[PDB]
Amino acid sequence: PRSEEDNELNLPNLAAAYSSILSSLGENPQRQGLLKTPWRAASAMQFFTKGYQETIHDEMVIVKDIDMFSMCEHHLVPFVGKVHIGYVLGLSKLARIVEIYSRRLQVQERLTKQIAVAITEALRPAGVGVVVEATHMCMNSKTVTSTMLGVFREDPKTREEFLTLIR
């Protein structure tokens, strides 16, 4: 994991790289609006990737419309959307699981699988289903991905009920 001291050590290094980008784009890094941009861009990129340092009944429970912000690892442009989860844990820590994996350089299919595997390893339930619907700024087209584990993968009725209960 990347500790807090790693973040403080790499912050001036990230700012130096963003200063370089401002010059390479044709901008004047000395103009008032850009003066603090190398540090602000560095802090933003550290915040969007803070998940690297992080670590942790007879009814279907679903938490839908959870807002999600991730970064596309191919172009370093954000992708934003919603996560729908099905499977006992509450909204808190479920949100924490989403934020640990979404706050990284990702691909939507990987992010989807990591969320379902994290819920499975935390709760050890009969099954888990995760659907992510997001808009990629690296391309208004929506990308929908899904990962089913346990009874959500094996039982078609369970799988079908979860997919209908999102609307």
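Here the rigid core means the biggest group of C-alpha atoms that line up within 1.5 Å when the two forms are laid on top of each other. In this text, residue numbers run from 1 along the sequence as written.
Taken in 4 other deposited structures of this protein and fitted on the core, 90 to 98 and 73 to 81 differ in how far their Cα atoms move from the shown form, and the one that moves more is 90 to 98.
Looking at 155 to 163 and 11 to 19, the one farther from the shown form in 4 other deposited structures of this protein by average CA distance, after a rigid core fit, turns out to be 155 to 163. Where coordinates are absent for parts of the deposited sequence, a chain break appears; between neighbours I56 and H57 it spans 10 or more residues.
In the deposited entry, the stretch joining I62 to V63 is continuous, with no residue of the deposited sequence left without coordinates.
The mean Cα B-factor in the deposited entry runs higher for 117 to 125 than for the other of 117 to 125 and 32 to 40. Taking the mean C-alpha B-factor of each stretch as recorded, 47 to 55 and 106 to 114 are not equal, and the higher mean is that of 47 to 55. Ranking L76, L91, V83, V80 by the C-alpha B-factor listed in the PDB entry places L91 at the top. Per the deposited record, the Cα B-factor of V151 falls in the highest third when ranked against the other modelled residues of its chain. Ranked by Cα temperature factor within the chain, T158 sits in the highest third according to the deposited record.
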